[PDB]
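From first to last, the protein sequence lines are chains G, F, H, I, J and K. Letter by letter, the first sequence follows residues 22 to 58, 62 to 124 of the authors' numbering. Letter by letter, the second sequence follows residues 23 to 58, 64 to 123 of the authors' numbering. Letter by letter, the third sequence follows residues 23 to 57, 65 to 124 of the authors' numbering. Letter by letter, the fourth sequence follows residues 22 to 60, 64 to 124 of the authors' numbering. Letter by letter, the fifth sequence follows residues 22 to 57, 64 to 124 of the authors' numbering. One point on numbering: in the authors' numbering, the residue at position 26 of the sixth sequence is 906, and numbering is uninterrupted.
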Amino acid sequence: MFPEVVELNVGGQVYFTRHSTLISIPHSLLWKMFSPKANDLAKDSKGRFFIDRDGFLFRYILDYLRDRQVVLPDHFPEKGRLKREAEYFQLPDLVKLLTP
Amino acid sequence: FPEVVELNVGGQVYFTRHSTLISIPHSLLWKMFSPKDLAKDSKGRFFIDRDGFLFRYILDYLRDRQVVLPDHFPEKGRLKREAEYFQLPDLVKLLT
Amino acid sequence: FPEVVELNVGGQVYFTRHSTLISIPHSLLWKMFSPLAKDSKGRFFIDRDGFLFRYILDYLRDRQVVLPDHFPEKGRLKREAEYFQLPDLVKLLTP
Amino acid sequence: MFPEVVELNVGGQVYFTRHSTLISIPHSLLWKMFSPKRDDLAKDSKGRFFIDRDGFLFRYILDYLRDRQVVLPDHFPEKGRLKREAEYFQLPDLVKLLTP
Amino acid sequence: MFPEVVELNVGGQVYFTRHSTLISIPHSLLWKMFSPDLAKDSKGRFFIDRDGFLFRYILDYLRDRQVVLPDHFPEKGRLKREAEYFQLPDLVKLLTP
Amino acid sequence: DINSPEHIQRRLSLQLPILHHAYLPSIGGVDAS
Ligand SMILES: [Mg+2]
């Protein structure tokens, strides 16, 4: 029983997003986590759902879930790292976009 | 709608006047906030499910219909994509 | 210790699970959080460079670290890996 | 009486470090400020101790106080300026390490 | 009239410095501003619409009455322009060949 | 006036890419306490 807008804490970076966005990719890690099947998932001191991953790169993960594509900054040094985050969250098509 | 609307964009809270959101007809925020569904957070703030940091320059455009970016803006391409979502035709032209 | 540990590393705030910090026995982070100094907000304090701890924290999660393309501080990160006593991470950083 | 974790503000860059680290090098500038009991230091609006020096270069000054050694980044463009900051804080050995 | 530590915003970069540092050089531009109606940013810090990268050196000159440039600094002419704006005659000559 | 609503809220301060900040990440989202 999740709210419409989910409060995320990724490694100390707070994120708000819609619950429908988290389950946008079936059989993904975020799909397994937030699929109703809500009090067992780990939370932080303020009750926000906690993801134990890099907070800075999670910003671009949410853009993929929203748009099914990701525009990176003009000069980006961490394409390889974002691919590793995409692998963890189980986003096959995002890994393809990041694999040359 | 109140005089000052409290928005939550990807977790970043913004304060702005209703007039700024409806400043550009046929825009996405114009369709949302035109006096005539919406999603609110735990504190009752209207929620936009987009990147919170880039909305700062979209909001400056809605106010003045112009935006001077810093000289080393590393995410011009992303702001172009965010402008596309909110449907601001003149702004996207400015970035191309 | 709570399940989600709130850390302050040299002024950079990081959140991680308690299980992640003690994943590698006999490392410094293992000695600290195995059953302390806290900052003004109650967060557990690590007196090291906060920017590099992100890559130390990524190592504890995946047992590997992909650095940015032209990362200028591989040598500095190795020094942090030595302080936290992570032998395998130090190995990855030497050529 | 000082807290175990000292909150510093150097030229607008905030740094946290242990009180033991500030007094790690006797007869240094930071040692003079934090070693005796005082009743006087300069603090900003939020109560953080203020050092009126370049905040970005303090990152490497603070790392020296921890380890008595400093690894600079690859292609560090301000080796000469860091030496000047080291002289201000009165760290004789660090100035020697930075002179080629 | 001013606090001991002043909050400055130069071209988008936040700087903290002592009030004594701003008035360190009499009859200079920064001296004229803060000597006992100013412009302030969104967060209340005094705003200067100048180059944020070059203000580091200008601020260090106020501290020490001297400035060490970065290694292989070829934008000295640009730093000279900022020195002229802030009205620091002695620094302008140091940067003039 | 130089201090005015549209004038004041124009001046948004961001961290310029000085030294390490040029290559280290600065924007990931909202901070947690
Ligand atoms: Mg405008």
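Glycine included, every Cβ here is placed at the ideal spot set by N, Cα and C.
According to DSSP, residues forming a beta bridge with residue i
i	result
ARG39 (chain G)	G:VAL26
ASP911 (chain K)	G:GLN34
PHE74 (chain G)	G:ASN30
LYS67 (chain J)	J:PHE73
Buried versus exposed call for residue i [16 or more other C-beta atoms within 10 Å across all chains shown]
i	result
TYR88 (chain I)	buried
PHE37 (chain F)	exposed
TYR84 (chain H)	buried
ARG92 (chain H)	exposed
residue 150 (chain G)	Nothing about residue 150 (chain G) can be reported from this structure: the residues present for chain G run from 22 to 124 only.
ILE46 (chain H)	buried
residue 59 (chain F)	Residue 59 (chain F) cannot be placed in this structure, since chain F goes from 58 to 64 without the numbers between.
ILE75 (chain F)	buried
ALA902 (chain K)	exposed
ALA62 (chain G)	exposed
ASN30 (chain G)	buried
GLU109 (chain J)	buried
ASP911 (chain K)	exposed
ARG90 (chain I)	buried
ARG77 (chain I)	buried
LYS107 (chain G)	buried
Best match in the options for proximity to residue i [C-alpha to C-alpha]
i	options	result
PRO101 (chain H)	K:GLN889, K:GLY908, K:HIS900, K:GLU886	K:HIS900
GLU25 (chain J)	I:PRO57, I:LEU65, I:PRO24	I:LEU65
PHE23 (chain H)	H:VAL35, H:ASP98, H:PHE73	H:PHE73
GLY104 (chain I)	J:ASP98, J:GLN34, J:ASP78	J:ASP98
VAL35 (chain H)	H:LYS107, H:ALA110, H:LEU86, H:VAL94	H:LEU86
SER56 (chain I)	I:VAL27, I:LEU81, I:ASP78, I:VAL94	I:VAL27
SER884 (chain K)	J:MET54, J:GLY32, J:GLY71, J:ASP78	J:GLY71
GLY32 (chain I)	I:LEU81, I:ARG59, I:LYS58, I:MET54	I:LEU81
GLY79 (chain J)	K:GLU886, K:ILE888, K:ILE898	K:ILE898
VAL94 (chain F)	K:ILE907, K:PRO905, K:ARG891	K:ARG891
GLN895 (chain K)	K:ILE882, K:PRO905, K:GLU886, K:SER913	K:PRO905
Proximal residues of chain H, C-beta to C-beta of residue i below 8 Å
i	result
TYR36 (chain I)	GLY32, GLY33
Interface partners of residue i on chain I, CB under 7 Å
i	result
residue 60 (chain H)	Chain H lacks coordinates between 57 and 65, the interval that contains residue 60 (chain H).
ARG83 (chain H)	Result: empty, since nearest Cβ-Cβ is about 15 Å, beyond 7 Å.
Interface residues of chain J facing residue i [CB-CB closer than 8 Å]
i	result
residue 880 (chain K)	Residue 880 (chain K) lies beyond the stretch modelled for chain K, which goes from 881 to 913, so this question has no answer here.
Contacts of residue i in chain I (Cβ-Cβ under 9 Å)
i	result
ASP76 (chain H)	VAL26, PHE37, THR38, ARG39, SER41, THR42, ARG90
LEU899 (chain K)	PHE80, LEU81, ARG83, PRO97, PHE100, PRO101, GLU102
Partners in chain K for residue i, counting only beta-carbon separations shorter than 7 Å
i	result
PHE80 (chain G)	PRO905, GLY908
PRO116 (chain H)	Those within 7 Å of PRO116 (chain H) in chain K number zero; the least Cβ separation is about 26 Å.
9 Å Cβ cut-off: residues of chain H touching residue i
i	result
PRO101 (chain I)	Per Cβ cutoff of 9 Å: no residues; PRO101 (chain I) is ~10 Å from chain H at best.
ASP911 (chain K)	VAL35
Neighbouring residues, chain F, relative to residue i (Cβ below 7 Å)
i	result
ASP87 (chain G)	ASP78
* Asked: Should the region 33-52 of chain H be called in touch with the region 115-124 of chain J, which here means at least 3 C-beta pairs below 8 Å?
  -> no
* To do: Report yes or no: do the region 101-118 of chain J and the region 27-43 of chain G share at least 3 C-beta pairs separated by less than 8 Å?
  => no
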